[PDB]
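> Experimental coordinates for this protein are included below, preceded by the sequence.
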Amino acid sequence: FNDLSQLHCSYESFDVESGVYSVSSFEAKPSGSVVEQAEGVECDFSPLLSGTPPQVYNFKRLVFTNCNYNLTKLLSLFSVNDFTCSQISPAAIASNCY
Amino acid sequence: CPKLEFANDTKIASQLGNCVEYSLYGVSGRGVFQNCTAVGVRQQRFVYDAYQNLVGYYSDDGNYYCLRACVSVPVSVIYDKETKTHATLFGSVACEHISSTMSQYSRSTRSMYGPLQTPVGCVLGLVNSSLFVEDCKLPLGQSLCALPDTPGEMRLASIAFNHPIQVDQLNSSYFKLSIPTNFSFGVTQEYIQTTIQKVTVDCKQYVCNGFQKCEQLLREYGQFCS
Amino acid sequence: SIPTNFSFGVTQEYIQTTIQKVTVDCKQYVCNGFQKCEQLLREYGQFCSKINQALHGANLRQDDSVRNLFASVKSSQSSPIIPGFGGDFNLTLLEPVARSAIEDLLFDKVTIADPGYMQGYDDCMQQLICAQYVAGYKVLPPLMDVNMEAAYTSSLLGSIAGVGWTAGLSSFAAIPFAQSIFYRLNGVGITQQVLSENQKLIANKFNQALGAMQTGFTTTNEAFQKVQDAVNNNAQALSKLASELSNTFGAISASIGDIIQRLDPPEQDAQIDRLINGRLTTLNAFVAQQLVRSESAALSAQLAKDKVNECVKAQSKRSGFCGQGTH
Amino acid sequence: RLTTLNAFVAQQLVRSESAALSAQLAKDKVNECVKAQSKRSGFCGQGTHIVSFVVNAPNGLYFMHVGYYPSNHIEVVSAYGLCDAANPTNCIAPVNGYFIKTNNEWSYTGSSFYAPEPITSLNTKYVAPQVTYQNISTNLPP
Amino acid sequence: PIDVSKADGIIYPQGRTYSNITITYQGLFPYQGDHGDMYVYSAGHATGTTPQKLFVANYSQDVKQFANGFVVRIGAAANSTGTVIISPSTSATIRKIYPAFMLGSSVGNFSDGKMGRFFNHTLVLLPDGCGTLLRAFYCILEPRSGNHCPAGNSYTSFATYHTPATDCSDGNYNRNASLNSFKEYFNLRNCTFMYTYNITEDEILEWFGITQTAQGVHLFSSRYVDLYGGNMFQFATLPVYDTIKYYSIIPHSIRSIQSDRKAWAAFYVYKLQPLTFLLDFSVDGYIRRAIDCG
Ligand SMILES: *[C@@H]1O[C@H](CO[C@@H]2O[C@@H](C)[C@@H](O)[C@@H](O)[C@@H]2O)[C@@H](O[C@@H]2O[C@H](CO)[C@@H](O)[C@H](O)[C@H]2NC(C)=O)[C@H](O)[C@H]1NC(C)=O
Ligand SMILES: *[C@@H]1O[C@H](CO)[C@@H](O[C@@H]2O[C@H](CO)[C@@H](O)[C@H](O)[C@H]2NC(C)=O)[C@H](O)[C@H]1NC(C)=O
Ligand SMILES: *[C@@H]1O[C@H](CO)[C@@H](O[C@@H]2O[C@H](CO)[C@@H](O)[C@H](O)[C@H]2NC(C)=O)[C@H](O)[C@H]1NC(C)=O
Ligand SMILES: *[C@@H]1O[C@H](CO)[C@@H](O[C@@H]2O[C@H](CO)[C@@H](O)[C@H](O)[C@H]2NC(C)=O)[C@H](O)[C@H]1NC(C)=O
Ligand SMILES: *[C@@H]1O[C@H](CO)[C@@H](O)[C@H](O)[C@H]1NC(C)=O
Ligand SMILES: *[C@@H]1O[C@H](CO)[C@@H](O)[C@H](O)[C@H]1NC(C)=O
Ligand SMILES: *[C@@H]1O[C@H](CO)[C@@H](O)[C@H](O)[C@H]1NC(C)=O
Ligand SMILES: *[C@@H]1O[C@H](CO)[C@@H](O)[C@H](O)[C@H]1NC(C)=O
Ligand SMILES: *[C@@H]1O[C@H](CO)[C@@H](O)[C@H](O)[C@H]1NC(C)=O
Ligand SMILES: *[C@@H]1O[C@H](CO)[C@@H](O)[C@H](O)[C@H]1NC(C)=O
Ligand SMILES: *[C@@H]1O[C@H](CO)[C@@H](O)[C@H](O)[C@H]1NC(C)=O
Ligand SMILES: *[C@@H]1O[C@H](CO)[C@@H](O)[C@H](O)[C@H]1NC(C)=O
């Protein structure tokens, strides 16, 4: 409820001792958000969607650095039977940057 | 990165000197930007200290901005028993912060200025006065003290210095001496913890409580009880 | 065997009378203000209360020790300090002109950072000591202001010339410093004839001995090294809490927000539990170290009170208790 | 449970070492300023220590020290000792006190009480003459 | 030998620079004081103004494991007077040269049984236009069956020839005639790419480093950033498909005339293995002081 409530539950008693007591500090609210660094062309997923997909022992690798990727452009056309993500959340790939 | 509508209020120069939640294209946090001189290399665009904390960022306009911290203000409380009197303190900060930008649960005061500037910071709930106390029991810090009323808010006093009885020095053959004329017998009570209470513990009884399967699972450890 | 020539030697000693008073905000340090973090922290509960109680007890013990020793060194009666104190005996290094010259020289030559007691929030706002706010703890202000500590030393400097003349603390006999030195030199086993005929050379020797250590404040002084070691000990103790926040203790990240942003709740629960366990173990180790250092500080404060009560207000005859050779 | 017991054992060892050190301190105090009157300034009694009493306490040892406490100080004129004007070689000095100028002349007083009383031979010692002493030629002390 | 205290051949942190701090970094690094794999290039035979038969070393038959990448110091002997390799009695100005690199994962014998054949896709680094261009390709190579050709008769070794009478003129560059000289011996099939890089010609010593990760083959240099200094800095991320196991150096000869035989510099090779270095990042963040742990 207030400071003194936290002070009382810090001792598990309704009677405390007179004294200066350190208590949990407070945080200043953010004033806004900034998102700004160098950007370029969107990431290209065309050769992934074109041609015969190769075998599992001959998997084709695509690297992406300094580009813009939107999962709504390619995962929407993906008839995803199974979606798993290990040591990462499935929704992290849609928003987080690397 | 994903595509995002970049509004005009996203540049660093728009929000200089303000605690903002920065997302530098994958580098997330909250902090304060500031203007500094060019330090480091331009190509890497990210600098860290010895403790892996981001220090600065080279903006796309060619300006270097130090990203330091969204620094908070500590709070302490002075409370007295048998007189329901309490006040709050913000440590080592000028009296600038008011009740607007809040976090945690809540806070409360009494009926109504309210701040007070002290060498320890900014104080809410105290009235200042030119009082001197040699036997302060609520030592606030530096040399400030709170005096509960015996019932308004506590008076703010300075912890005074008991000046010893001054005696003059004569630069001649004579001397000015100080001598007591009256005396008392004072009792001083002292305690010495000469020995703690002798206690022992039964290892298998305490840890096992007399169960057979417990005992079998305890016997692999063995000499720990010994 | 008898000596024929003599010198005044300065021996510099340091006593760590109290460590720096520090406290930590448990939920702020371990949790950094995240809601799911707070919910995963509330099951532990009284651990924050336990460490807060231990740190507050240690701080109150150090505060009581400081108050007790300052009541012990509180002289009953002192003398004013004027320019030209001690006459021919040059002691103006100890003259307060606020602090004194020797104290200001000692504070200047030791690497000391002011912990932002006026505008430390502004120090982190506009322009290593900035980390004591962002990392989620604080350093308590000392019980005395600098200004008052000083008086206390001014009173002690005014009273040393007077108390050390006759046994018994009841009276005060604040003789000028030169005759106090003459009486002490008579008392340590030197005849009054050589004191009566050779005041100038012993005055020059005392002045040279006092002036020698003014430029000696360097690595070669053992007490200066001990002061630097104590300051570095405090710096390392605070640098722990400022440093192993970045330690992960097996987690894949050192940020709670990045963990809850990147991980599924079954696995972010385990990651946050590992982070909480590591931070709490580190905090308990720091609490134990603080208790050990506080007990050592209390014992050293008792030793300092004994030394200032024996061989400061009086001339102790103990062989090298606080001064090598005849003190 | 074993980790808790090991922590308790470590705490017990620390407290036992502290108890041994405090017991040595108590033995020192009861050997110095209980069976005798210690002249150490505030070793076990604030002010001039007079006497001490030792009783038991449910965990330790309780001391009560009766000590001297001054009050109502006064400022007087004092010297270092009396010498003869005709015989500057002979000089006397106060023993456990001071030479105080008090009228109805010079007088002696104690080191802890303002007690003027006429100067005699049972409270002074002979000493070599110096320049700073206070010679006298109208009322020679005995 | 490389002096780590003199800050030679240290790989910079890849994306997180620092300033004015001493920090311990764990990564891929060389040992202090390695003699390395110093190699030298020489000009071919010439009588008057007739460019005669080549004059190369035996490095075509030498192969070493790629391991964790390696660093190469370029032009450490230039801006000085040194002897000519083909003519020991002749002393000329030492000029910097840039080397040719051959990397792969299969090792085999030629038609005459000599070591040096690399099967399947092979990474080739080759300078051209008197070293102004830095062509690179991980492509398929095919031997030729002609005279003095790898699959043909009278075969001894393979090399790349340079003729600065027409290559090193003003402008010109004889349209990438070092690529012509390489294709005079080999054929290019199913080529994956063709990366070109520009470096201005000068007489300043420089550094280069090559390594591989799961992302690909990373090429580091000081020409992009630290011209007057020298440190690794990321310029190339080759998207390789397979792990590189072995590497080798292409021999190179110069078809200079005998009356104008000019001295060429010798380069060095130092292998990289994982260590933990201690680095002093200065106010500019450049590495100038570094010490080892082993
Ligand atoms: C709070 O503390 C003191 C309180 O002293 C007051 O002095 C009068 C002005 C009056 O308001 C009484 O109620 C109090 O006794 C104040 O500090 C004073 O600051 C002014 C301005 O610098 C200075 O002239 C005075 O000398 C200060 N007072 C003393 C005793 O030194 C002030 O009201 C508050 N402190 C600050 C820092 O604002
Ligand atoms: C006592 O010693 C101090 C220290 O040597 C003297 O202070 C110096 O005075 C000179 C002359 O004014 C200055 O040039 C120095 O800078 C002073 N040194 C310091 C450390 O302050 C002082 O003058 C001496 N006093 C007497 C009476 O001899
Ligand atoms: C006490 O009387 C004596 C003799 O008349 C004088 O003091 C002497 O003065 C000389 C000069 O420096 C010293 O060398 C002697 O040691 C002094 N003797 C004593 C006993 O003090 C002077 O008249 C008086 N001295 C005082 C008042 O200090
Ligand atoms: C970089 O770090 C060095 C090392 O601390 C700083 O240089 C020191 O500055 C203090 C300040 O007076 C001097 O007392 C030391 O002698 C200096 N040491 C050295 C080795 O130069 C330097 O200021 C820092 N620079 C920046 C830009 O942060
Ligand atoms: C910020 O600093 C840079 C270089 O230090 C300077 O060029 C620029 O004018 C500064 N801007 C402001 C608003 O102070
Ligand atoms: C101190 O000395 C000065 C100068 O010798 C003198 O004027 C003054 O009277 C002396 N003070 C006393 C109390 O004797
Ligand atoms: C001594 O002081 C006490 C109280 O302080 C007082 O009652 C008593 O009369 C005093 N005695 C003398 C002799 O002044
Ligand atoms: C005492 O020793 C010092 C140096 O050791 C010397 O300068 C001085 O002359 C000596 N004095 C006597 C009286 O021998
Ligand atoms: C006698 O001595 C007392 C005590 O100092 C003093 O108050 C008084 O004035 C003196 N009398 C004379 C005549 O000097
Ligand atoms: C090539 O020459 C070097 C130079 O000494 C030598 O070490 C190496 O064995 C030679 N290799 C062959 C295959 O001749
Ligand atoms: C080159 O590509 C063609 C086109 O499919 C293929 O037939 C041939 O086998 C490839 N050769 C090699 C060596 O990869
Ligand atoms: C290198 O410079 C030449 C000269 O203009 C230019 O034609 C060519 O495109 C450049 N190549 C690269 C990769 O910058």
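Structure received. Numbering: from 1, shown residues only, chains lettered A, B, ... in the order given. Ligands and ions are numbered 1, 2, ... in the order given.

> Now do the longest helix along chain A: distance to the chain's middle.
Scanning chain A for the helix with the most residues, using DSSP state H, yields helix A:3-9. Distance of helix A:3-9 from its chain centroid, counting by CA atoms, centre = their mean, to the nearest Å, is 35 Å.

> Please apply the same query to stretch D:51-70.
The answer for stretch D:51-70 is 18 Å, by CA atoms, centre = their mean.

> Now look at that stretch and say if it contacts chain B.
Yes - for stretch D:51-70, a contact with chain B is found by CB under 8 Å from any CB of the partner chain, at D:57, D:59-70. Where C-beta positions appear, they are placed from N, C-alpha and C, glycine not excepted.

> What subset of the residues you listed is buried?
D:60-61, D:63, D:65, D:67-70 (16 or more other CB atoms under 10 Å in any protein chain shown).

> Let's have those in CSV, adding secondary structure.
Listed next are those as CSV, based on DSSP: H, G, I helix; E, B strand; the rest coil:
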residue, secondary structure
D:60, coil
D:61, strand
D:63, strand
D:65, strand
D:67, strand
D:68, strand
D:69, strand
D:70, strand
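
> farthest-separated two in these?
Farthest pair in those (CB to CB) is D:60 and D:70. Separation: 31.2 Å.

> Please see if stretch E:210-219 touches chain B.
No - using CB under 8 Å from any CB, stretch E:210-219 stays clear of chain B, with a minimum separation of 14.6 Å.

> and that stretch, does that touch chain A?
Yes - legend: contact between stretch E:210-219 and chain A by CB under 8 Å from any CB is shown at E:215-216.

> Could you pull out the buried residues of that stretch?
E:210-212, E:216-219.

> ok, now stretch D:80-96?
D:80-84, D:91-94.

> Find the pair from the residues you listed with maximum spatial separation.
Taking CB to CB, no two of these sit farther apart than D:84 and D:94, at 16.5 Å.

> Measure how buried residue D:122 is and give me the count.
Residue D:122 is flanked by 6 other residues according to other CB atoms under 10 Å in any protein chain shown.

> hang on, it is in a helix, isn't it?
Yes - when three-state DSSP is applied, residue D:122 is found to be in a helix.

> Give me the phi and psi for the residue of chain A found nearest ligand 2.
At 40.1 Å from ligand 2, residue A:20 is the closest residue in chain A, using CB to the nearest ligand atom. Dihedral pair for residue A:20: phi -70, psi 130, per degrees, to the nearest 10.

> Secondary structure class of the residue of chain D found nearest ligand 10, three-state.
In chain D, the residue found nearest to ligand 10 is residue D:3; the distance is 62.4 Å by CB to the nearest ligand atom. Secondary structure state of residue D:3, per three-state DSSP, is helix.

> again, but for the one 5 residues further on
When states are read from three-state DSSP, the local structure at residue D:8 comes out as helix.

> Not including adjacent chain positions, what is the nearest residue to it?
Once flanking residues are discounted, residue D:8 sits nearest to residue B:201: 7.8 Å by CB to CB, 6 or more residues apart in numbering or on different chains.

> didn't that neighbour look like it was pressed against residue D:6?
No - using CB atoms under 8 Å, residue B:201 and residue D:6 do not qualify as a contacting pair, with a distance of 11.4 Å.

> Nearest to chain A within chain B, name that residue for me.
residue B:26 (3.5 Å; CB to the nearest CB).

> so how many other residues sit close to that residue?
The number of residues near residue B:26, taken as other CB under 10 Å, comes to 10.

> give me every residue that touches the spatially closest residue to it that is not a sequence neighbour.
Beyond its immediate neighbours in the sequence, the residue positioned closest to residue B:26 (CB to CB, 6+ apart) is residue A:97, lying 3.5 Å away. Listed by CB atoms under 8 Å, 6 or more residues apart in numbering or on different chains, the contact set of residue A:97 reads B:1-2, B:23, B:25-26.

> Adding secondary structure and distance to residue B:95, write those out as TSV.
Shown next, in TSV, are the contacts of residue A:97 (DSSP: H, G, I helix; E, B strand; the rest coil; distance: CB to CB, whole Å):
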residue	secondary structure	distance to residue B:95
B:1	coil	42
B:2	coil	44
B:23	strand	33
B:25	coil	39
B:26	coil	39
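
> so which residue of the stretch 151-294 of chain E comes closest to ligand 2?
residue E:283 (34.7 Å).

> That residue against residue E:20, yeah?
Yes - here residue E:283 reaches residue E:20: they are 5.2 Å apart, a contact under CB under 8 Å.

> do stretch B:27-44 and chain C meet?
Yes - counting by CB under 8 Å from any CB, chain C is contacted by stretch B:27-44 at B:28-29, B:32, B:34.
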